[PDB]
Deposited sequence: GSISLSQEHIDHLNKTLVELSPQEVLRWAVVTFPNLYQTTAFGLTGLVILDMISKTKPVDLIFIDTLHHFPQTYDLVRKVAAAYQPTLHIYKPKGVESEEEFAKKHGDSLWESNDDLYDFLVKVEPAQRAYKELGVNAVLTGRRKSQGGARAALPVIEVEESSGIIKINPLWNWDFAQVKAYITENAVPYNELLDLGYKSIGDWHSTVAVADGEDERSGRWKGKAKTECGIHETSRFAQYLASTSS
């Protein structure tokens, strides 16, 4: 089963949840929703939320390993497994365990020869396999202010309820938190990267 919120109910929450700290939004989400998970690619906002979660009530992580992450990204996952020890569900392209295996099964540089198909294989399909296997009802996302955002959104296809605790944070306050709380971060940011995706499609 999946949880359905009335539109008048979604509207009430977006008016009251904005008065809460993100820490209070997280406690509220855990109390309110069954089958709640944090979906992250371990960008900066996901690390802020993960660190906040570590202080209170743990929430399982969902991580999509496209097999084409930066080496620096895999380093951060290893660091997070050590310092935070979360429950971490990792989903990969079905039946593939490495970028080399991916290239032999689907061809070289699929992300440019067939972008629609590369995206289904390494992003869309593992994510929908995760949501169905784990019976996900709500997810905490690291979506924030763009360089206003609702605190609650409903993904029309799956009925997944998205909660954005950092809805009112810009990039400055996020790096601020990372630095005071000594949160590990992707070392590619030291080279001036903003967003971090696959090693071949990050610009």
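According to the record, the deposited residues with no C-alpha atom in the structure span 148 to 152, 209 to 246.
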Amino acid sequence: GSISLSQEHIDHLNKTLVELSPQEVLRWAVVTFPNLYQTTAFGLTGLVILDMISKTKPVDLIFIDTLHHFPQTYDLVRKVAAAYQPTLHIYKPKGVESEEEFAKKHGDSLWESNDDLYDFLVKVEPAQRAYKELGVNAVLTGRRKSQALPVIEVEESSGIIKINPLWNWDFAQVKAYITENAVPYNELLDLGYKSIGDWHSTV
From here on, numbers count along this sequence of modelled residues.
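Higher average CA B factor: 3 to 11, of the stretches 3 to 11 and 194 to 202.
The mean Cα B-factor in the deposited entry runs higher for 99 to 107 than for the other of 99 to 107 and 75 to 83. Each of 42, 169, 70, 37 has a CA temperature factor in the record; the biggest one is found at 169. Per the PDB record, 156 has a higher Cα B-factor than any other of 65, 156, 51, 60. Residue 29: CA B factor in the middle third of modelled residues in this chain (values from the PDB entry). When all modelled residues of the chain are sorted by CA temperature factor, residue 16 is found within the highest third.
For residue 163, the recorded CA B-factor ranks within the middle third of the chain. Only modelled residues enter the ranking. Annotation for residue 47: CA B-factor lies in the lowest third of the chain's modelled residues.
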